[PDB]
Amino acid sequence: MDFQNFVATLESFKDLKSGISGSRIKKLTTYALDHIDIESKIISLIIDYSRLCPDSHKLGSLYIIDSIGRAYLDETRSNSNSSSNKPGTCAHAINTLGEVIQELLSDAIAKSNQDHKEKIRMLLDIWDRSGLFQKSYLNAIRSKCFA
């Protein structure tokens, strides 16, 4: 599997009515765990995909972020690194996703229907409990959309 299959895999979420496929998210995530040396490229791709995908797909874009984000997060706690400043590191990738997560969340909650708006709330809970993103960022989101 090479980066073109990551792009192709990610491009194929567009033919899925739901925008959700656990097998393919598991492919992306396994790939993300094998190619941290190019995490910056993986990250802006999954960041940009959430900005550009259709409206009913925005939850699955945030599922892909949750899947890669929480596996990278499980590495920094097994490896005790906070290289938030070093490219090619799991610490950097989460730092990158965090700087844009609010803009992604405001847009994803905005363009979802009530069903998907609910599942985004479930996502805010896990991230709040996992420590994936700064709690202050999620609170700004929860205080304006889920309350």
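Sequential numbering from 1, following the sequence displayed.
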key: Other PDB entries, at least a third, lacking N81   = yes
remark   = Entry B factor averaged over C-alpha atoms, 86-94 against 36-44: higher for 86-94
inquiry  = Please compare 45-53 with 65-73 and name the stretch with the higher mean C-alpha B-factor in the deposited structure.
reply    = 65-73
key: Criterion, highest CA B-factor; candidates, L123, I25, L16, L132   = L132
CA B-factor ranking of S112, expressed as a third of its chain = middle
request  = Quick one: classify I20 as lowest, middle or highest third of the chain based on its Cα B-factor.
outcome  = middle
request  = Give the position of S106 by CA B-factor within its chain, expressed as the lowest, middle or highest third.
outcome  = lowest
CA B-factor placement of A147, once the chain's modelled residues are sorted into thirds = highest
